[PDB]
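S.K.: I'd like to ask you about the structure that follows.
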Amino acid sequence: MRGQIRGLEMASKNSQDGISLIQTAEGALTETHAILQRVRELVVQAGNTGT
Amino acid sequence: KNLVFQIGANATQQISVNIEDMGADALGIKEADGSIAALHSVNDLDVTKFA
């Protein structure tokens with residue numbers, strides 16, 4: 001019992017920390033995304049400016 | 001080399017146009033011609049010629 005219980009608590013802890021990891025990753029991807037949006041803007045403008 | 005402008009937010013959303021003016025804007029079939037159709041605008045012959 002106490003084995004499964006203690007390791008369970010550590011498993012939920014582990015889980016919340018895994019969450020935090022992927023939140024960091026996805027925040028980096030939020031700014032990645034922001035830049036790519038900006039690039040798209042610059043390509044639209046680029047397409048008009050091509051002539 | 002047509003004047004493609006950006007029109008919309010996605011691919012193919014573009015329009016091109018054409019412009020053509022100069023001295024030789026007189027008659028023409030695809031280009032102008034010699035004594036007529038170019039020099040009617042470039043020269044406007046009546047130096048002494050309508051005498």
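Just remember, in the structure tokens the first chain shown is A, the second B, etc., residues are 1-based per chain, and ligands are 1-based in the order shown.
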Should the cut-off be 6 Å, what would the residue list for chain B against chain A look like, counting only C-alpha atoms, as a PyMOL selection string?
M.R.: chain B and resi 3-6
S.K.: Got a sec: who's within 8 Å of residue 28 in chain B, counting only C-alpha atoms, leaving out chain neighbours fewer than 4 positions off, as a ChimeraX atom specification?
M.R.: /B:32-33,37-38
S.K.: Using only C-alpha atoms, find the one residue out of B:48, B:18, B:41, B:13 that sits nearest to residue 1 in chain B.
M.R.: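 Among the listed residues, the smallest separation from residue 1 in chain B belongs to B:18.
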S.K.: What does the structure give for the distance between CA of residue 17 in chain B and CA of residue 2 in chain B, in Å to one decimal?
M.R.: 6.0 Å
S.K.: One number please: CA of residue 14 in chain A to CA of residue 2 in chain A, in Å, one decimal.
M.R.: 17.8 Å
S.K.: How would you write, as a PyMOL selection string, the set of residues in chain B that DSSP gives as alpha helix (DSSP H)?
M.R.: chain B and resi 39-42
